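Chemist: dropping in the first section of the assembly, placed as in the complex:
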Amino acid sequence: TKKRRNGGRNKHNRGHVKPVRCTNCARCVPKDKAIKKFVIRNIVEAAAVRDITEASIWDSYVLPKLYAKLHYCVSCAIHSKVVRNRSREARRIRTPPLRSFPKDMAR
């Protein structure tokens, strides 16, 4: 009942490597086999953007965003619908797809 080929992630000629805990579970897991979503999320959530332009001291100040690389474990991914359940064959790609729009939650 081995399904993945290599297994988790990134254990080529090392052994056992650095962990850091998940944010939404903190089951302390190694840095390779945990889902690592990285997001530049915006501050006003794209709704108060029209309000701060009126209340700005300067010409729109133009708004920055936040940067922080968050770290998720496996059930954290599935209990928030992050990445889930391809086929026995459709687990064999990493690099594609999005194909449609500039992805939200940034935004």
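Modeler: Nice, thanks for sending it over. Numbering: from 1, shown residues only, chains lettered A, B, ... in the order given.
Chemist: what distance do you get for residue A:32 to residue A:67?
Modeler: According to CB to CB, to the nearest Å, residue A:32 and residue A:67 sit 22 Å apart. C-beta here means a position set from N, CA and C on the backbone, and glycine is covered the same way.
Chemist: which of the two has more neighbours?
Modeler: For residue A:32 versus residue A:67, the count of surrounding residues by other CB atoms under 10 Å is larger for residue A:32: 16 against 9.
Chemist: for the more buried one, give me its contacts.
Modeler: Going by CB atoms under 8 Å, 6 or more residues apart in numbering, residue A:32 touches A:8-11, A:17.
Chemist: which residue ranges form the strands in chain A?
Modeler: Applying DSSP state E to chain A gives strands spanning A:19-20, A:29-30, A:38-39, A:68-69.
Chemist: pipe the ones you listed into CSV and attach mean neighbour count per row.
Modeler: Output for those, formatted as CSV (neighbours: other CB atoms under 10 Å):
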stretch, mean neighbour count
strand A:19-20, 12
strand A:29-30, 17
strand A:38-39, 12
strand A:68-69, 8
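Chemist: neighbours around residue A:101, how many?
Modeler: A count of nearby residues for residue A:101, using other CB under 10 Å, gives 6.
Chemist: let me redo that: residue A:86
Modeler: When neighbours are counted by other CB under 10 Å, residue A:86 registers 10.
Chemist: repeat for residue A:48
Modeler: A count of nearby residues for residue A:48, using other CB under 10 Å, gives 12.
Chemist: what do you get for residue A:96?
Modeler: By other CB under 10 Å, 6 other residues sit near residue A:96.
Chemist: tell me how far it lies from residue A:90.
Modeler: Applying CB to CB to residue A:96 and residue A:90 gives a distance of 11 Å.
Chemist: ok so, going back, turn the strands of chain A into TSV, including distance to residue A:46.
Modeler: Shown next, in TSV, are these (distance: least, CB to CB, whole Å):
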stretch	distance to residue A:46
strand A:19-20	30
strand A:29-30	33
strand A:38-39	14
strand A:68-69	19
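Chemist: let's add chain B too:
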Amino acid sequence: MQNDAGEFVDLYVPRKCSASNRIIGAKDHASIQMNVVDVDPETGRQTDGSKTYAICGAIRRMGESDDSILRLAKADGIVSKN
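Modeler: Take a look at chain B, now in place beside the chains above:
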């Protein structure tokens, strides 16, 4: 195969690969008997008397179908000046 009193006894003799000397199996359904033909040396004008060959599918599975006949055409001097 052949008996003491000189006879092709069994049923027949199956084919063999002209290029790389393999056998032609009875159910190997990827073996080709292609028959290339000659040219009059002045201009066109195909004459009769042709050159058939036997290629096995094990060569055709590796992708060496094409340049294997390039060996035999140069070995028979048909496609020359190469």
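Chemist: ok chain B is in now, so what about the neighbour count of residue A:86?
Modeler: Around residue A:86 there are 10 other residues, counting by other CB atoms under 10 Å in any protein chain shown.
Chemist: quick one: contacts of the longest helix along chain B?
Modeler: Longest helix of chain B, by residue count under DSSP state H: helix B:66-75. Helix B:66-75 is contacted by residues B:18-20, B:34, B:36, B:51, B:53, B:55, B:59, B:79-80, B:82 when judged by CB atoms under 8 Å, 6 or more residues apart in numbering or on different chains.
Chemist: that one: which residues count as buried?
Modeler: Across helix B:66-75, burial judged by 16 or more other CB atoms under 10 Å in any protein chain shown covers B:68-69, B:72-73.
Chemist: what would the contacts of helix B:66-75 look like in a markdown table with distance to residue B:12?
Modeler: Below are the contacts of helix B:66-75 laid out as a markdown table (distance: CB to CB, whole Å):
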| residue | distance to residue B:12 |
| --- | --- |
| B:18 | 18 |
| B:19 | 22 |
| B:20 | 22 |
| B:34 | 21 |
| B:36 | 25 |
| B:51 | 23 |
| B:53 | 20 |
| B:55 | 20 |
| B:59 | 23 |
| B:79 | 33 |
| B:80 | 36 |
| B:82 | 37 |
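Chemist: out of these, give me the one that has the most neighbours.
Modeler: Neighbour counts for the contacts of helix B:66-75, by other CB under 10 Å, peak at residue B:55, which reaches 23 neighbours.
Chemist: so that residue touches residue B:61, yeah?
Modeler: No. At 11.2 Å, residue B:55 does not count as touching residue B:61 under the criterion of CB atoms under 8 Å.
Chemist: before we move on, back to that, between the buried residues of helix B:66-75, which is closest to residue B:42?
Modeler: Nearest to residue B:42 among these is residue B:73, at 20.2 Å by CB to CB.
Chemist: ok so, going back, the buried residues of helix B:66-75: which two are farthest apart?
Modeler: Taking CB to CB as the measure, those span a maximum distance of 10.0 Å, between B:68 and B:73.
Chemist: who touches residue B:63 in this structure?
Modeler: Counted by CB under 8 Å, 6+ apart, residue B:63 has zero contacts.
Chemist: here's chain C, add it to the model above:
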Amino acid sequence: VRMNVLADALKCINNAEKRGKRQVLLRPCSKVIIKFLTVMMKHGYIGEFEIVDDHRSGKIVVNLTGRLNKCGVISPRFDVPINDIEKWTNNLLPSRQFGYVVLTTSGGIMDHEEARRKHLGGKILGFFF
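Modeler: Adding chain C to the chains above:
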């Protein structure tokens, strides 16, 4: 480490015709090995084989006609007298019809039916068909 310089030379010949390598780059030019390739040509099993000699060991080029099935080797050189050569036929050959195990006795390297006429007991190196 190159343990037996005989057997490693034999197997790459068998690891040629499967993908259809008509040629063999081969090492390292021992005179016991030169006493062996012509036995293939003594029944016409391979093509033309030639040997360049660097001044370390030499190396062999071997062309092939494609008539072989498998050449093999018993290891190491088991001692075999005359009265028990027939045991090494049926365990190593498909039939009494064709194929040739090859031993070497005190008179030299030969075929087994050659040895069955020369009548001198000796040591197995390999076999082929």
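Chemist: and the neighbour count of residue A:86, now that chain C is part of it?
Modeler: The tally of other residues near residue A:86 (other CB under 10 Å) stands at 10.
Chemist: OK, now which residue of chain A is nearest to chain B?
Modeler: Closest to chain B within chain A is residue A:89: 23.7 Å, counting by CB to the nearest CB.
Chemist: number of nearby residues for that residue?
Modeler: 7.
Chemist: same thing with residue C:102?
Modeler: 21.
Chemist: and it, how far from residue C:45?
Modeler: Using CB to CB, one gets 12 Å for the distance from residue C:102 to residue C:45.
Chemist: touching both of these two, which residues are there?
Modeler: Residues touching both residue C:102 and residue C:45 (CB under 8 Å, 6+ apart): residue C:128.
Chemist: can you tell me how far the spatially most central residue of chain A is from chain C?
Modeler: Residue closest to the mean C-alpha point of chain A, counted by CA atoms, centre = their mean, is residue A:37 at 1.4 Å. Taking CB to the nearest CB, to the nearest Å as the measure, residue A:37 falls 46 Å from chain C.
Chemist: can you tell me which residues contact that residue?
Modeler: Neighbouring residues of residue A:37 by CB under 8 Å, 6+ apart: A:70, A:72, A:82.
Chemist: among the residues you listed, who's most crowded?
Modeler: Busiest of the contacts of residue A:37 [other CB under 10 Å] is residue A:72, holding 21 neighbours.
Chemist: skipping its backbone neighbours, what lies nearest that residue in space?
Modeler: Leaving out its chain neighbours, the residue that sits closest to residue A:72 by CB to CB, 6 or more residues apart in numbering or on different chains is residue A:35, at 4.4 Å.
Chemist: the one you found against residue A:81, yeah?
Modeler: No. Using CB under 8 Å, residue A:35 is not in contact with residue A:81, being 11.9 Å away.
Chemist: for the residue in chain B positioned nearest to chain C, list the residues it contacts.
Modeler: The nearest approach of chain B to chain C comes at residue B:21, 2.8 Å away (CB to the nearest CB). Counting by CB under 8 Å, 6+ apart, residue B:21 touches C:65-67.
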